[PDB]
Amino acid sequence: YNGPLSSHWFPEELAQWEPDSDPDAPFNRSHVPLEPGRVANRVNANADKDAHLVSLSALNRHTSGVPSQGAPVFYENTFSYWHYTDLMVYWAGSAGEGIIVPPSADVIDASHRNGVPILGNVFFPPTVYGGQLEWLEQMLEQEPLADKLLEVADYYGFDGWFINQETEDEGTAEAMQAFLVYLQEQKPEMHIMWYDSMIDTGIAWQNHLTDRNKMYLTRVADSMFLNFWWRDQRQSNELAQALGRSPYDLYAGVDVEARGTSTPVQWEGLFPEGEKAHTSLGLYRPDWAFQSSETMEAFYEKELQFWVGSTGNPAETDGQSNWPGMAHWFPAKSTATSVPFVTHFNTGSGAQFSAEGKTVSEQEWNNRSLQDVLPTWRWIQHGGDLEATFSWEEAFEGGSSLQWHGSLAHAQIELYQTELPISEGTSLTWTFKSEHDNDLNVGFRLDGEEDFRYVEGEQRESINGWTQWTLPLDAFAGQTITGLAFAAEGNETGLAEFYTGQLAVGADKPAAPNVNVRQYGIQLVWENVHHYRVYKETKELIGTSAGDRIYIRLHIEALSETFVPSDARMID
Amino acid sequence: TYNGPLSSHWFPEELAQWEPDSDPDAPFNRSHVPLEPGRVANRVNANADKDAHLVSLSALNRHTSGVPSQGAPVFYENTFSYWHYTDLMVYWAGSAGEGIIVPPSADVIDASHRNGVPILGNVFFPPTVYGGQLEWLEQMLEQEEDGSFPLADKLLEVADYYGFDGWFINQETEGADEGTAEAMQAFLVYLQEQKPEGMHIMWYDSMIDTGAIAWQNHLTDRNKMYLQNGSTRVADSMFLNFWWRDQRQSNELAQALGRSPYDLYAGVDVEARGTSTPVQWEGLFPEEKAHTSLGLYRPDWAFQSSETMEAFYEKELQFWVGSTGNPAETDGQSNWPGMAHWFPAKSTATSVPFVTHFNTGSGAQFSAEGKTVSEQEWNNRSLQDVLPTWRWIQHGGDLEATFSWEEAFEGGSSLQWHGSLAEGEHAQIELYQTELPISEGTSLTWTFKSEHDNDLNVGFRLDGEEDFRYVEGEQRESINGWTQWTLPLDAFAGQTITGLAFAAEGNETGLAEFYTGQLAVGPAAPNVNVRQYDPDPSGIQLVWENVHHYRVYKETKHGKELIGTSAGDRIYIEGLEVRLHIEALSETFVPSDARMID
Ligand SMILES: [Ca+2]
Ligand SMILES: [Ca+2]
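Residue numbers (this note's numbering), protein chains in the order written: chain A, 1 to 572; chain B, 573 to 1170.
Written out as structure tokens, the structure is:
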């Protein structure tokens, strides 16, 4: 592979970095803005609306060699629990590869679709792993590299930086405090998170907000990630209040890298029973789920166990378990707050790629820019003996569907918390396969009502073996949909096996793109559209893009937010 | 990017001048795993009969060309594991574009042979619509003054050198006359005369006596001369085309010819729909005894219709065992009762030492003694073990049994036994039909992990008691987080084990999750030479002369890395850029000292 790569810098490389001189820079730009105004659920009675959750995840295993816009690899870190996350930190950086590292565009897009701000990484490594004081001194030069950090974030389109100083005086310490204050003064409406490590004298992790580290939070940073070795956080909460700062800008670190759900934690020291606070929660390396597994299925099973709990139901969490799950303390958030809302249950990778329920490529692929907004609840069912999981065997658009299967001798599955204003012309649409001939009803919940309305669709269409129902919602114009769900009824078979490959609320074709065959060993550039597809006549899908370009008789189409394709621009 | 040895394939004129000693790939294509004799059959299914045989026509490799000789760094590969319901395997391959004479690849011959299943190569004369040429048929049918057929000799030479058990002959090329037909019959008779004992020649029901392609779907007067002609044996068996409703008249005609009706294999085409294939089972298995044997066309549907190893394996279970998921309890009223409904499972666990590590033939990772020695995807079906006779038979609990590719002791897989088991509740899983003589110094060993601290007991059945004996081990060892038990069987010397099982008890947790990575009842450092592999100048081969397989490790900054495995006499390595370590593992998986190669 010789295509564009996600960026990473040593301080002296960054200082002379310019987008216009960097052939990979345009491929590393995100074109999916941060979704504002997420809406929270209320399924878990224990969950509080005070604490936030930061995730420090190695969304790419390595700093270097990361393709800008996806790769032909099924097993990739397709993290799907954005709904329990308030802030994502791209975990990366090393002495051998580069210490300043922005998130890759594919991951920025996925984060942004879910309304989660994502931060780049500034990592001053420990000296035992090749860390150098020089790099720290270079970054702290005063009269430029803070300006450069802010430039990278603006150009690539991410939301700030995580600063992690781990390289082993007071002059340097004070210069760091000035660097951080400078950032605060110069940043846009952006987050700067600092790791609890270097103290006032210049490395002594406090595991709390204390006198030694308080000057790193006039004000100097948006938050602090607290080191792991604590038993109680009340002191940090009290001191934060004394400083006139929210205790919830403090993120009490938990190291889950090695053991994940088997990590021992003193939860009561962070979440006192029948009590508020003490602080927010910082997760170090939840990508445990991915790095400790060999297969997509096991990876996804572990993420469920980690974020939801052993119950497998976000509404019925067990707070006395060794791992109650993140759903036990944190409301799920949803970016399904705008019409049109459209999902195809795309997990961000596949063993195959489908268009209208037909395989258009048999190759493995990942492109997290194509990951949809996935269900708020994993999983809430009523009735029957059924399991809900993602399937990479069947897909309507992309590489995955939602599978709902098992025994059914009435059953419902509640999928989405939403905030969708209904107007005339708005319709509900959904597309599924059924192996035992059972129909699949849609469910929708209206604001001011606590029960879902389950109905059969009005108009049925058959698309390559898939059934697509349409349900006009003109009768509820002026109302707001607050939930989405499905329902089914058992037949003589006694079995149910559904694959659902799309779900949408709204209505609607984009113009053929002006595509220019250009040099990188090629680069297509084109300038309402969800993503672009590049077919090859043999038709075979050879590329997808959510940006303004792709590196590869060709046919290029723009798909709208509703997934209506444009006429294909032919190119030779 | 692969520039190493490839599995062979030929057009008739390429075969004609083929010589093993000149072919750089030939030594890589030799199977070094002999056909296991004397399989033992189970009796779990009351309906199953012992008369009918089953032939499988499987595309064990999706393509004819580009098939690496000894495996590849690819997890998703056709790792067929229902050898136990198969009597004969036909390697499905050949095309007008790639080659029409195609032997099975060595990895697939090994796996077949480990399970006591004869495996046949393919000779495919394609329909003219798909590039078929009468010339190819005419070339194969060339005859010396001798009366000999030089290309028949070549078929026998290939089978002998590569070590497989015969040929499937499929004549689908239109435009042949009665003279061609008689020459084909003479070619087939010549094979019967010259073949080694035990070699099998199967003929497709296609070209009739006139030369015309008119599939009969039965044994009839139009095709009988391709099986038997008076007292002349023409072929060992016939694969009957798909369009039949009843086979009684085939059975009757076979008897009139003095041949077993079970040398006739009634074709069922399952390529597109697998378990959803409509079949008139009654027309084959009536009321008494089966009319004929069964021919399954493309059961590799399970692989080719799936995207992932897990769904592939689930489909094979549904296909071969049926919707019950229990070979002992099939549903004969189902549209698909499964193969276990009619066929006894056979086992080759008939010899001490019997050793398995539940290696499915591929993995996402490779382990040695419970530690990952390579994180790369791999397949090498030469390493596929003899897997459980029964998929699956359990008693008690709420457990599921499946293969896991997340955990492994040796190779890329383990047997996962997991779910709910309430405190004090007992559960058993019966795995193997066996025939293992116990003598002094014989022991049972098994290696597992338990995620909720339940112990795993072994089960063994003695001839011919009906109950399994469930006992805890006696000597425990901890190996990289895995527990290995040893149970001496000196107390039962002179007895024969006829089955193997496992058992567990539920604890306070109410949950059980086992991964079992070895089960067993029961070398010198390899002399290694670095040799040129002529077609690839930047490549090498290691050649050496008791041993299950060889493992090739290379030194890294991160510890030893597994870079190759071989069940033959050699291995090809691309781009060797280096210190290598080659060990021989015994049948008991005792490793030799490593031979160091620079
Ligand atoms: Ca595929
Ligand atoms: Ca792996």
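Where a beta carbon is used, it is the ideal one built from N, C-alpha and C, also for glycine.
With a threshold of 8 Å between beta-carbons, can residue i be considered close to chain A, or not?
i: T804/B; result: no
Spell out whether any CB of chain B is found under 8 Å from the CB atom of residue i.
i: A351/A; result: yes
What residues from chain B crowd round residue i, counting only those whose CB sits closer than 8 Å?
i: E393/A; result: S878, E879, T880 and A883
Cα separation between residue i and residue j?
i: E238/A; j: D196/A; result: 17 Å
i: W892/B; j: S865/B; result: 16 Å
i: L145/A; j: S391/A; result: 45 Å
i: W664/B; j: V627/B; result: 12 Å
i: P925/B; j: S1015/B; result: 10 Å
i: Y1/A; j: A753/B; result: 54 Å
i: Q165/A; j: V220/A; result: 15 Å
i: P4/A; j: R549/A; result: 11 Å
i: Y1105/B; j: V927/B; result: 34 Å
i: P565/A; j: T418/A; result: 26 Å
i: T544/A; j: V761/B; result: 58 Å
i: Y499/A; j: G506/A; result: 22 Å
i: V1115/B; j: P1098/B; result: 9 Å
i: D447/A; j: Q479/A; result: 7 Å
i: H604/B; j: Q956/B; result: 14 Å
i: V529/A; j: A511/A; result: 10 Å
i: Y648/B; j: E1046/B; result: 39 Å
i: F583/B; j: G1071/B; result: 47 Å
i: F179/A; j: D169/A; result: 15 Å
i: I571/A; j: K536/A; result: 10 Å
i: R285/A; j: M88/A; result: 11 Å
i: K918/B; j: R963/B; result: 13 Å
i: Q468/A; j: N441/A; result: 11 Å
Cβ of residue i less than 8 Å from any chain C Cβ?
i: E397/A; result: Here chain C cannot be found, since the structure's protein chains are A and B.
Subject >> Entirely enclosed alpha helix (DSSP H) segments - the segment 400-428 of chain A, minimum 4 residues >> reply: You should have found no qualifying run.
Original post:
Which whole runs of the beta strand (DSSP E) in the segment 68-146 of chain A are 3 residues long or more, in chain order?
Top reply: Whole beta strand (DSSP E) segments, 3+ residues: 87-90 and 118-124.
Original post:
Among all residues, which have a Cβ less than 6 Å from at least one non-hydrogen atom of ligand 1, and in what chain order do they fall?
Top reply: Residues flagged by the Cβ proximity filter: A351/A, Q352/A, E362/A and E879/B.
Subject >> Unbroken stretches of the beta strand (DSSP E), 3 residues or longer, contained in the segment 140-220 of chain A >> reply: Qualifying beta strand (DSSP E) stretches, in chain order: 160-165 and 191-195.
Subject >> Length at least 3, wholly inside the segment 923-998 of chain B: the beta strand (DSSP E) runs in chain order >> reply: 926-928, 938-940, 943-946, 965-967, 970-976 and 986-992, all fully within the segment 923-998 of chain B.
Subject >> alpha helix (DSSP H) segments (min. 4 residues) lying fully within the segment 221-260 of chain A >> reply: The DSSP assignment places complete alpha helix (DSSP H) segments of no fewer than 4 residues inside the segment 221-260 of chain A at 234-242, in order along the chain.
Subject >> Complete beta strand (DSSP E) runs within the segment 1070-1120 of chain B (minimum length 3 residues, chain order) >> reply: Fully enclosed beta strand (DSSP E) runs of 3 or longer: 1083-1093, 1100-1103 and 1112-1116.
Original post:
Which parts of the segment 844-890 of chain B are runs of the alpha helix (DSSP H), unbroken and 4 residues or longer, counting only runs that do not cross its ends?
Top reply: Runs of the alpha helix (DSSP H) inside the segment 844-890 of chain B: 873-876.
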